[PDB]
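The chain below stands alone, shown as structure tokens; this is the form deposited in one PDB entry.
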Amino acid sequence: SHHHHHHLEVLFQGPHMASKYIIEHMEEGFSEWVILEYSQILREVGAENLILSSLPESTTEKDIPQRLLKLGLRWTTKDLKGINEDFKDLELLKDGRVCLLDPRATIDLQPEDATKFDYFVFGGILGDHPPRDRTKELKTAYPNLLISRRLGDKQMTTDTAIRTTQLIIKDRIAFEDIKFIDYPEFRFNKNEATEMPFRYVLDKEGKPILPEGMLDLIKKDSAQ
């Protein structure tokens, strides 16, 4: 009775060829907000295409939210340069072929960058306004691995940055063609409304795309 000690999910997804998305986790633990965000990301890019890296060394499976485990989250306490040690199935993370999505970069990501990078890295950061520039910690941590690219001049949530990167790289849509809304207001009644100071991508109904559950969380907050 050893037959469950396997890596079938990995065998089933290979051989690797497709762009991957890596989130360097940079929050303590997993708040409800983070869980909803990461759940949405998993659903949009596919569990086989996401890695959550740099978790604290003491992290074990019980510390990972069951909602994320159920959606297939691949997670590791290794940093970017140790990911290949844990996940032997992934393509090598090659110097210069790993793109840091960096709000301060001087050059915006473009569809032709699909040819130029195999991995796209995001800070798992709940941003502040004004931004605290915490993404810069990644640039200093991996100075020869990463090349920075921008997603326009306003801050996006992690799931929005990944959604935008997928539209540019996978769907080959130029940034200037993506329909965004800057700093949307969410109003529910005369007593309850909240602005979110990020840039969001719009769905075909003209509404900002939020993780499932997030509008409920914003409504619960406004009701307090």
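By rigid core we mean the largest C-alpha set that fits within 1.5 Å across both forms. Numbering starts at 1 and runs along the sequence shown.
There is also a form deposited in another entry; it is not shown, and the following applies to it.
Considering 98, 138, 83, 101, one residue stands apart with a C-alpha shift of at least 2 Å between the shown form and the other one following superposition on the core, and it is 138.
With the core held fixed between the shown form and the other one, residue 125 has its Cα displaced by at least 2 Å. Cα-Cα spacing of residue 92 to residue 134 is reduced in the other form versus the present form (difference of at least 3 Å). Figure legend: C-alpha atoms of residue 131 and residue 196, shown here, are separated by at least 3 angstroms more in the other form.
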